Every structure is written in C-alpha cells, then in structure tokens.
Amino acid sequence: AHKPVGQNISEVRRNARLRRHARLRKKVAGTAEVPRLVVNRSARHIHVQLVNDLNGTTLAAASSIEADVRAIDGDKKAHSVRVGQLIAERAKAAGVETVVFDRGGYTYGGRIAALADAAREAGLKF
Amino acid sequence: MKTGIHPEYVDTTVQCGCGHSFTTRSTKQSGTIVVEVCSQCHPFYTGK
Amino acid sequence: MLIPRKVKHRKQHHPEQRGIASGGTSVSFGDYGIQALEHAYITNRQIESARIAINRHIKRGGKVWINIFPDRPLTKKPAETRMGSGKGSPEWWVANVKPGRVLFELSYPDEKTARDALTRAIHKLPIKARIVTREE
Amino acid sequence: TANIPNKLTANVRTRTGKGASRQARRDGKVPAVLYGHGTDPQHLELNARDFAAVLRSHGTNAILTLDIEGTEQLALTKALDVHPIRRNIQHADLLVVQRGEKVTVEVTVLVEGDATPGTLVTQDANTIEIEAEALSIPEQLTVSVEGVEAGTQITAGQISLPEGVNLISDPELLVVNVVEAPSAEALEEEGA
Amino acid sequence: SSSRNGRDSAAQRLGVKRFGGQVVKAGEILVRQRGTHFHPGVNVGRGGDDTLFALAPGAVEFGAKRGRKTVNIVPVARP
RNA sequence: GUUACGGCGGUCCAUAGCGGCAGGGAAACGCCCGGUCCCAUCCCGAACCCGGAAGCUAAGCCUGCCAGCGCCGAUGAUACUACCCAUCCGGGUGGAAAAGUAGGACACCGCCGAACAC
RNA sequence: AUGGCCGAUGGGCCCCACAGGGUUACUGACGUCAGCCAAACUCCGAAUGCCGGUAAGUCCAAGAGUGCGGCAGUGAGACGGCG
C-alpha cells in the first residue's frame, strides 16, 4: 500500500503548460483565412495543426510520427525543420499563405525555433 | 551553473589522523584538507 | 437587559411590520411556549420584565429560553426640539416580532404551574399572545 | 409492529392553482399531490376532517390506502403544510410505497419515567431518523429516564428500536439531556 | 446639534444602453459600466473606463462563457 | 471502419467536480538517463533548453464501478405581486418564487492524428 | 445572535518551586447539533416597469407622434390610493 503524498512532477509540468497555454490563447485565434498554427512538443516527436477556431476544425497537420521525418538522419532540430516544410506545403495545397503561430506554451527557442523559421522560409507569411 | 557569481570549487582530498582518506571537492583553496577527527576516529560513530 | 455588544450601523430605518413569521414558528427547546399574534416591537425592557415574571412564579426548577433578541435600535430626538438638524441618537433596542413567532419557551415538571407562569409573562407584553405546547 | 393501512377516498382535481386551492380549502377539502417511485404526479383532494382524524390517531407518518376514482393505491404521508396561526392543513405530500419497501422517515421521541428529585430533564432533539419497511413504521419511540442521576446524556444510539428498524441519523445526537436542577440564583442570572 | 453628512456625487448614468436584439452601427456604446460586469465578446471592444462598444455593425446579443457574462454582435444579413 | 490511444476545441461550462475500488502501456502521452552544444536559476540542468532511450505503469493520462462529499432539481402548495372587487377585515383573474421532497448524475458533442482491420 | 456537546486557552487547586503532571459551580476559543435576524449581507430571486422586433387594433380620428418657426403662461400646489 503506497500512498503518494505530493504532486508528481509530470502533472505539475502538464498543468503548468495548460495554464500558460490559455494565457497565450487570450489574443491568438485562428480563422478560415488566417488559421492558428498550434504546436505540441514531446520528448520524442513534435506536432503541428492548422486550426480554424470559428468552428474548431483542423485544416492540415504534420508531425515527427511520419516515418519520412523519422528517416531523417539528423537531430531533433533537423526533424523539426523537416516538419516545418511539411506543414507549409500542406498549407499551400489547402489554399492558405498567412497564419498565426500558437507556440503552445513552450518558450520560443530550440526545437520550436527551428520549426517556425523553417515554415517561414517555405512561404508561410507570418 | 552561473559563471562568476559562485565561489571557485576546488577538488580536494580528506586525510585524517587514523590514515583514512576521502576524495571530494570543496572551497578550500589549498586543494588538500587535513582533519584530526573523522567519522571513523569519532568515538560516537564507533559506539564509544 | 439584553443589548448587542456592537452593531455595524447604529441608526436604522424602522423595521417593517408586514407579513407573518416564516422561521421560528415552532417551540424547539422547551415544552411550552408563547406565540405572538400581532405585530409590535418587543423592546429591551419588556423582555426583562416578562422573564423576571416567569422566574418568580416557577421559583427554582425549570429553564427559560428567550428566542427573541433585541438587536434593532430605535432613535429619538432630544426633548423640546424643532424638526430637522439630523437624526436623533439611538435610545432603546427592540426586536421585530410577527404573528407566529415563538418568543419564550418554558420547561417545568407540572403543566398547571407552567401555564400560569407563562400567562403572567404574556401580561407584560404589548401583543396579544397565546401559549402553545410542543406536540401536534 | 405491523399496522393496518387507513382507508381514505380521494378524487382528482379539475383545476389547480391558488384560486382553485383556496376555494377547495373553503369547502373542507385539503389539496394534495401524489408522487413516488412510479414517477407519476397525481393531484388529489382529500377530505379535511377524515384526514385530520387519521393523523390524530396514527401520528404524522400514517400509511394510507387511497381510493382514486375506484383505484386503490398505497401511500405514505411524506410531509404536511400547517399554517402557523390557523394551524390548518393547507397541503399534503403523499408518496406511494410498495409493501416490503425500505423508507426513511422521521418519528417522534417521548420520555417516560420519573427522574431523580434533583434533576431537570431536557429533550434536545424532537425527532430522530429511521429506515424501516413501509408497514413496519413505529408511530413513536420511547426513552425511559428513571433513577438516572447527575449529568447523563441519552444519545440517539442508546434508544431501543423495534426489529427491522435502522438508525439513519448518527448515534452522536443527544436526544435527552439530564442535568442538575437550576436554583433561583441560577435563574435570575441568565438573560442579563 | 447638526448633521455631518449630506454630501453626494452626481449620478453617472451607467447601465446597458443597447439591449439585446437591437441593430447597432459601428462604435455605438453598448453598456456603460464601471467594472467588468459585462465582458467583451465577438466584435465588441472595451473602452478606457470599461465602457463597451461595437467594432462592427450588427445586432446585439448577450451571452455567457466560462461562467462570465459576455456581450456579442451577430452579423445581421444584408438584404 | 474498430480501440482501455494521442492532440485541438465547444456547452448559457461541476448533471462535467472531489474522493474510494479495480484495471492498461502497440503507436503515442509520459515519467526517466546526461549536461558538449542554443538556453536558464533573483543560489540550484529543480524549472526552462538541448542530446538520448537503460528502466517503469509506481505516478500523470486513460477505461470500468461506487450517490460517499459536493452539483443539478421537478409537479403540487406557499410567500410575493399587476389589475380588479370590497366601509376599516379580506377576496377574484393572471404571473409565480426561495427552501424542501421525488428524483438526475461518476458527462455530451465536433475536427485532425495514430496502432490495426479493410 | 439563543440553547446544548467536545474542549483548547486562561482563572483556580492537589504535588507544591516558577520545571514537569491532573484537577474545578470556573474562562471556556476552535469545531459541531438545533432555532433565528439585517437599507448600506446575498448561494438564490419573482410580479410590474423599461429597451427593441413583429402582427394586429382605433383609423370621415386619437383631433396622436417628430422637426422648424411666431406667440405665451407656468416655475407658491392640495388631498386621496399605493412604496
């Protein structure tokens, strides 16, 4: 019989990210012409979606789950760059050229940093 | 680990009067620290 | 002589006398009680004169409960004064009583003495009242 | 304790509202409603005199067998509405119960006996909670206080109950408190 | 014997100036309030003194979100 | 199309919460190993950042069951009330609470993505 | 803010030290059971009233509304019904 006493670090980190993602979400919103680019980051992968918050539907998505990104010989930042290109091409195929960036509550730097500019250079004006 | 705000951490060795030797780090600038009574030396740790 | 130790506001509008009592209409502590039947401000002294009257008749045994507490103040302007120049200083403390309210409750072994004792208390109250017991 | 249901005749209500209910009272009938596990609210008018008679004899928690337009339904008096001054019965809530059903209700408590001469007996709680079969409900409970001395607390758990009866309320309730009789010195102190 | 009270301010004429179901142009003031009793919604902007106004023409519509009173504007349809 | 799976969102935002019991780790979500590199501590690689996959469902998360604490909550009656009738009492037509009772409830829905079937 | 239950806390007492322990018609917080009160209390919350939309009604007229212009008077009110 083990009764944990304190908060586990995993849930403290999980709750804190949710708390500091809402305060980001006060000003950032998406639209059918300017979809919000939501970023989710994990220790093994990364995920992006184009969300149209008027009706809460996703336009396009990309992630490090796809084996194409997995087969990249590089680093996590190199996988992130490959993801950034992928979402961009899927964005243009859906008819969007300008987005807003929802960094998702993570500090903008490192893997996210590689994600944003890789899509920025690919033609996603934001 | 902030660059300059911290005292310089010196690798040192503990030598005691009983011949016991310990390896650690410390602040002692000499880099070697001596001691007269240690845990082995201390009667309380030996039940004495 | 019951007065509140402190009150947030010392000068207040007169408590209104409309309606009938919604809470405290049934005897809860004792076996007999006095139930009001008309609206009137039962002041601070009338409670004291009535409570003393009960104790004198029941003598030693028994316990008396006073469900009414006079915490609502009333003011009067100083005598021989024209109207105006502000509100008068608070004078006496009253507790607003509506019909159905149970004021006193008395517990005593025998019924006959208890009913007589509560009857004396009624004569010290401005309202027409009746004595009510505990059962249905 | 198995009791026989009391028979009453009830008829449905054509119009409901404060206009109709007031007139119904003026006619000597008390409006009522009937709901239960069957999930079927029915509006009935009982005769005031016979309803009063049933309650006076069988207590407030009376088991009834209503006759609603020729149909016999077993019902229990859930609650009443007594006007504070007139002491009428303005409205009654009736709950249908099947035989052998566990129902939670409140019964009264009476203190019977003769306390020691230097003792004042105070009843803190009038009614206690009880779970029992619909027909096994006791009309009232008894507590005996004879030869009890000093400050002795008769709590709810100490009461003896008929078979098949459970004490839903916690035993910590202090139904009866016995203390030393106040003296004239003590009476003329409290309240000042 | 005198009164030390008797001072009062002007009445500020707060309240809800535009009620639900009314057609409002751009910039019309919807509610005049002191705190954020009413919170801005869609096409409703907050003024300096928490006065609410409209950024787009349409019909007012009061609503709630996350337990907060909100004021919105529905884009009435062009004929 | 299926799943005890990941996300992003909704509802006039607890009927959705709290707690107890049992249960899961395929991809995932995680904890976890380390401080060379971007980056960081009003001291601390704890947090944030970055590099990984040795170990684990014990936590987070998720699934199922509990009416235990909270939450919602009728019909009827009553309080109150607009209008009207009425010589001071009161009454009619319409509206109709709060509390309590019966009960409800251990959430519902939308868009992508996974492992797998096809 | 009434009456109970538990009892810190303090008063007081037995050991007696002023340290450490229990004792009491006492002081009895905190908590809890039962019954209540408030213009400057609100977990709740009507009826009327008000803002707007729509369909009608009166429509040989209420002699209605809105804008502009000429001419004024009024700016000492009273009682009755409701808050």
# chains A, B, ... in the order shown; residues from 1 in each chain; ligands from 1

$ closest_atom_pairs --of "chain D" --to "chain C" --cutoff "8 Å" --atoms "only C-alpha atoms" --output "CSV"
residue,atom,partner,partner_atom,distance
D:84,CA,C:100,CA,5.5
D:85,CA,C:100,CA,5.8
D:120,CA,C:62,CA,6.7
D:122,CA,C:30,CA,7.5
D:123,CA,C:29,CA,7.3
D:124,CA,C:29,CA,6.4
D:126,CA,C:28,CA,7.7
D:181,CA,C:61,CA,5.7
D:182,CA,C:61,CA,5.7
D:183,CA,C:60,CA,4.8
D:184,CA,C:60,CA,4.7
D:187,CA,C:55,CA,6.5
D:188,CA,C:55,CA,7.0
D:191,CA,C:2,CA,7.0
D:192,CA,C:1,CA,5.1

$ write_last_selection --atoms "C-alpha atoms" --output "CSV table (one decimal), in the first residue's frame"
chain,number,residue,atom,x,y,z
D,84,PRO,CA,-48.5,28.9,11.6
D,85,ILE,CA,-51.5,30.7,13.1
D,120,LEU,CA,-34.2,18.6,35.2
D,122,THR,CA,-34.3,18.4,28.7
D,123,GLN,CA,-35.1,16.9,25.3
D,124,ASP,CA,-32.7,18.4,22.7
D,126,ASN,CA,-37.7,16.1,19.0
D,181,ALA,CA,-32.0,21.4,38.6
D,182,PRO,CA,-31.3,25.2,38.4
D,183,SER,CA,-31.6,27.2,41.6
D,184,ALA,CA,-33.3,30.6,42.0
D,187,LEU,CA,-32.5,31.5,37.1
D,188,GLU,CA,-32.1,35.2,37.9
D,191,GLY,CA,-30.7,36.6,30.4
D,192,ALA,CA,-28.9,39.7,31.8

$ select_by_dssp --residues "region 89-185 of chain D" --states "strand (DSSP E)" --output "PyMOL selection string"
chain D and resi 91-96+102-112+120-123+127-133+140-144+152-154+176-179

$ interface_residues --of "chain B" --to "chain F" --cutoff "9 Å" --atoms "only C-alpha atoms (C1' of nucleotides)" --output "JSON, numbers by chain"
{"B": [1, 2, 6]}

$ closest_atom_pairs --of "chain D" --to "chain F" --cutoff "7 Å" --atoms "only C-alpha atoms (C1' of nucleotides)" --output "tab-separated table"
residue	atom	partner	partner_atom	distance
D:32	CA	F:76	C1'	6.8
D:33	CA	F:76	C1'	5.4
D:35	CA	F:102	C1'	6.4
D:36	CA	F:102	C1'	6.1
D:41	CA	F:75	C1'	5.9
D:91	CA	F:77	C1'	5.6

$ write_last_selection --atoms "N, CA, C and O atoms" --output "PDB file, in the first residue's frame"
ATOM      1  N   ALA D  32     -53.779  17.955  -2.340  1.00  0.00           N
ATOM      2  CA  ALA D  32     -52.618  17.112  -2.121  1.00  0.00           C
ATOM      3  C   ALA D  32     -52.053  16.688  -3.462  1.00  0.00           C
ATOM      4  O   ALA D  32     -52.700  16.826  -4.503  1.00  0.00           O
ATOM      5  N   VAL D  33     -50.829  16.186  -3.426  1.00  0.00           N
ATOM      6  CA  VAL D  33     -50.179  15.623  -4.597  1.00  0.00           C
ATOM      7  C   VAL D  33     -49.645  14.254  -4.217  1.00  0.00           C
ATOM      8  O   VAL D  33     -49.398  13.969  -3.042  1.00  0.00           O
ATOM      9  N   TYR D  35     -46.716  11.536  -5.586  1.00  0.00           N
ATOM     10  CA  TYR D  35     -45.614  11.140  -6.442  1.00  0.00           C
ATOM     11  C   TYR D  35     -44.863  10.004  -5.772  1.00  0.00           C
ATOM     12  O   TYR D  35     -44.940   9.825  -4.556  1.00  0.00           O
ATOM     13  N   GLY D  36     -44.133   9.238  -6.567  1.00  0.00           N
ATOM     14  CA  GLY D  36     -43.378   8.148  -5.994  1.00  0.00           C
ATOM     15  C   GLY D  36     -42.398   7.525  -6.958  1.00  0.00           C
ATOM     16  O   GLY D  36     -42.085   8.103  -8.001  1.00  0.00           O
ATOM     17  N   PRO D  41     -46.933  12.093 -11.048  1.00  0.00           N
ATOM     18  CA  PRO D  41     -47.568  13.063 -10.147  1.00  0.00           C
ATOM     19  C   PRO D  41     -49.069  13.117 -10.378  1.00  0.00           C
ATOM     20  O   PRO D  41     -49.530  13.336 -11.499  1.00  0.00           O
ATOM     21  N   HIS D  91     -51.907  21.629   2.722  1.00  0.00           N
ATOM     22  CA  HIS D  91     -51.430  20.813   1.616  1.00  0.00           C
ATOM     23  C   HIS D  91     -50.672  19.632   2.193  1.00  0.00           C
ATOM     24  O   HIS D  91     -49.988  19.767   3.209  1.00  0.00           O
TER      25      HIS D  91
END

$ residues_around --residues "residue 130 (chain C)" --least-positions-apart "2" --cutoff "12 Å" --atoms "only C-alpha atoms (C1' of nucleotides)" --output "PyMOL selection string"
(chain C and resi 32-38+99-104+115+118-123+125+127-128+132-133) or (chain D and resi 85)

$ write_last_selection --atoms "N, CA, C and O atoms" --output "compact mmCIF listing (two decimals), in the first residue's frame"
# COMPACT_ATOMS: atom_id res chain seq x y z
N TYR C 32 -43.34 24.20 26.58
CA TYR C 32 -44.38 25.19 26.33
C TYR C 32 -43.73 26.44 25.76
O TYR C 32 -42.53 26.66 25.91
N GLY C 33 -44.54 27.26 25.11
CA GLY C 33 -44.02 28.48 24.53
C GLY C 33 -45.11 29.50 24.36
O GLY C 33 -46.30 29.19 24.41
N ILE C 34 -44.69 30.74 24.15
CA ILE C 34 -45.60 31.86 23.92
C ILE C 34 -45.51 32.23 22.45
O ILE C 34 -44.42 32.52 21.95
N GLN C 35 -46.64 32.23 21.76
CA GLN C 35 -46.69 32.54 20.34
C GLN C 35 -47.36 33.90 20.16
O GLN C 35 -48.42 34.16 20.74
N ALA C 36 -46.73 34.76 19.37
CA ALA C 36 -47.30 36.08 19.15
C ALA C 36 -48.51 35.99 18.24
O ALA C 36 -48.75 34.98 17.57
N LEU C 37 -49.30 37.05 18.24
CA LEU C 37 -50.43 37.16 17.32
C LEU C 37 -50.59 38.53 16.69
O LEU C 37 -51.42 38.67 15.78
N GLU C 38 -49.85 39.55 17.11
CA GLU C 38 -49.89 40.86 16.49
C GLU C 38 -48.48 41.40 16.34
O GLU C 38 -47.56 41.02 17.06
N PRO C 99 -46.66 37.81 13.82
CA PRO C 99 -47.52 36.72 14.28
C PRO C 99 -46.98 35.37 13.85
O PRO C 99 -46.50 35.20 12.73
N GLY C 100 -47.08 34.40 14.74
CA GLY C 100 -46.49 33.10 14.56
C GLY C 100 -45.14 32.94 15.22
O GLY C 100 -44.72 31.81 15.46
N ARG C 101 -44.47 34.04 15.54
CA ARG C 101 -43.19 33.96 16.22
C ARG C 101 -43.37 33.43 17.64
O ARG C 101 -44.30 33.82 18.34
N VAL C 102 -42.47 32.56 18.06
CA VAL C 102 -42.48 32.00 19.40
C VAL C 102 -41.42 32.72 20.21
O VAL C 102 -40.23 32.62 19.92
N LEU C 103 -41.85 33.46 21.23
CA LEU C 103 -40.91 34.29 21.99
C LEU C 103 -40.20 33.49 23.08
O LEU C 103 -38.99 33.27 23.01
N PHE C 104 -40.94 33.03 24.07
CA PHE C 104 -40.37 32.35 25.22
C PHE C 104 -40.73 30.87 25.18
O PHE C 104 -41.72 30.47 24.57
N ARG C 115 -48.24 26.75 32.85
CA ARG C 115 -49.16 27.58 32.09
C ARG C 115 -49.48 28.88 32.82
O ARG C 115 -49.62 29.93 32.19
N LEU C 118 -46.34 31.23 32.38
CA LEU C 118 -46.28 31.86 31.07
C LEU C 118 -47.39 32.88 30.89
O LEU C 118 -47.23 33.83 30.12
N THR C 119 -48.52 32.70 31.57
CA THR C 119 -49.61 33.65 31.46
C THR C 119 -49.23 35.00 32.06
O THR C 119 -49.63 36.05 31.54
N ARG C 120 -48.48 34.99 33.16
CA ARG C 120 -48.02 36.25 33.74
C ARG C 120 -47.08 36.98 32.79
O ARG C 120 -47.11 38.21 32.70
N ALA C 121 -46.23 36.23 32.09
CA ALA C 121 -45.33 36.86 31.14
C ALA C 121 -46.09 37.52 30.00
O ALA C 121 -45.68 38.56 29.48
N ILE C 122 -47.22 36.93 29.59
CA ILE C 122 -47.99 37.49 28.49
C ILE C 122 -48.52 38.87 28.85
O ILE C 122 -48.59 39.76 28.01
N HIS C 123 -48.89 39.06 30.11
CA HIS C 123 -49.45 40.34 30.52
C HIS C 123 -48.42 41.46 30.54
O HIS C 123 -48.80 42.62 30.69
N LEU C 125 -46.35 41.89 27.91
CA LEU C 125 -46.02 42.10 26.51
C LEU C 125 -47.14 42.85 25.80
O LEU C 125 -48.32 42.57 26.04
N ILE C 127 -48.33 42.67 22.89
CA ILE C 127 -49.05 41.90 21.88
C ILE C 127 -50.07 41.00 22.54
O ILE C 127 -49.93 40.62 23.71
N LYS C 128 -51.11 40.65 21.79
CA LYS C 128 -51.95 39.54 22.17
C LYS C 128 -51.23 38.25 21.81
O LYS C 128 -50.79 38.07 20.68
N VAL C 132 -48.49 27.93 23.55
CA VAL C 132 -48.51 26.77 22.67
C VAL C 132 -47.51 25.75 23.19
O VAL C 132 -46.41 26.10 23.63
N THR C 133 -47.90 24.49 23.15
CA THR C 133 -47.07 23.40 23.63
C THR C 133 -46.29 22.79 22.46
O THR C 133 -46.27 23.33 21.36
N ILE D 85 -50.56 30.16 12.17
CA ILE D 85 -51.55 30.70 13.10
C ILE D 85 -52.77 29.80 13.13
O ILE D 85 -53.09 29.22 14.18

$ residues_around --residues "residue 38 (chain D)" --least-positions-apart "4" --cutoff "10 Å" --atoms "only C-alpha atoms (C1' of nucleotides)" --output "PyMOL selection string"
(chain D and resi 95-97) or (chain F and resi 102)

$ residues_around --residues "residue 28 (chain G)" --least-positions-apart "4" --cutoff "10 Å" --atoms "only C-alpha atoms (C1' of nucleotides)" --output "list in words"
residues 7, 8, 9 and 10 of chain G

$ residues_around --residues "residue 41 (chain A)" --least-positions-apart "3" --cutoff "9 Å" --atoms "only C-alpha atoms (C1' of nucleotides)" --output "list in words"
residues 44, 45, 46, 47, 48, 104, 106, 111 and 112 of chain A

$ residues_around --residues "region 54-64 of chain E" --least-positions-apart "4" --cutoff "7 Å" --atoms "only C-alpha atoms (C1' of nucleotides)" --output "list in words"
residues 19, 20, 21, 22, 23, 24, 25, 26, 27, 28, 29, 43, 44, 45, 68, 69, 70, 71, 72, 73, 74, 75 and 76 of chain E; 12 of chain F

$ atom_distance --atom1 "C1' of residue 14 (chain F)" --atom2 "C1' of residue 66 (chain F)"
18.2 Å

$ atom_distance --atom1 "CA of residue 42 (chain B)" --atom2 "CA of residue 23 (chain B)"
18.9 Å

$ decode --residues "region 40-73 of chain C" --atoms "C-alpha atoms" --output "tab-separated table (two decimals), in the first residue's frame"
chain	number	residue	atom	x	y	z
C	40	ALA	CA	-45.22	45.07	17.71
C	41	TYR	CA	-41.65	46.00	18.58
C	42	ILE	CA	-40.92	43.96	21.71
C	43	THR	CA	-38.40	46.25	23.34
C	44	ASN	CA	-35.48	45.51	25.62
C	45	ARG	CA	-37.17	46.13	28.98
C	46	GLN	CA	-40.42	44.27	28.26
C	47	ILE	CA	-38.40	41.10	27.76
C	48	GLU	CA	-36.67	41.67	31.10
C	49	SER	CA	-39.93	42.33	32.95
C	50	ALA	CA	-41.51	39.24	31.42
C	51	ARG	CA	-38.53	36.95	32.02
C	52	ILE	CA	-38.38	38.00	35.67
C	53	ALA	CA	-42.11	37.31	35.95
C	54	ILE	CA	-41.62	33.72	34.80
C	55	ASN	CA	-38.79	33.08	37.26
C	56	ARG	CA	-40.77	34.41	40.22
C	57	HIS	CA	-43.65	32.01	39.64
C	58	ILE	CA	-41.72	28.83	38.78
C	59	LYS	CA	-39.35	29.61	41.67
C	60	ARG	CA	-36.45	27.16	41.50
C	61	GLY	CA	-36.88	24.34	38.98
C	62	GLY	CA	-37.06	24.67	35.23
C	63	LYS	CA	-35.27	26.54	32.46
C	64	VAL	CA	-36.40	29.50	30.34
C	65	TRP	CA	-35.39	30.13	26.73
C	66	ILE	CA	-35.72	33.55	25.09
C	67	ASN	CA	-35.81	33.16	21.31
C	68	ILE	CA	-36.17	36.93	20.77
C	69	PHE	CA	-33.10	39.17	20.98
C	70	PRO	CA	-33.46	42.97	20.79
C	71	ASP	CA	-30.65	43.97	18.42
C	72	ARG	CA	-32.51	46.53	16.29
C	73	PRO	CA	-32.02	50.07	17.63
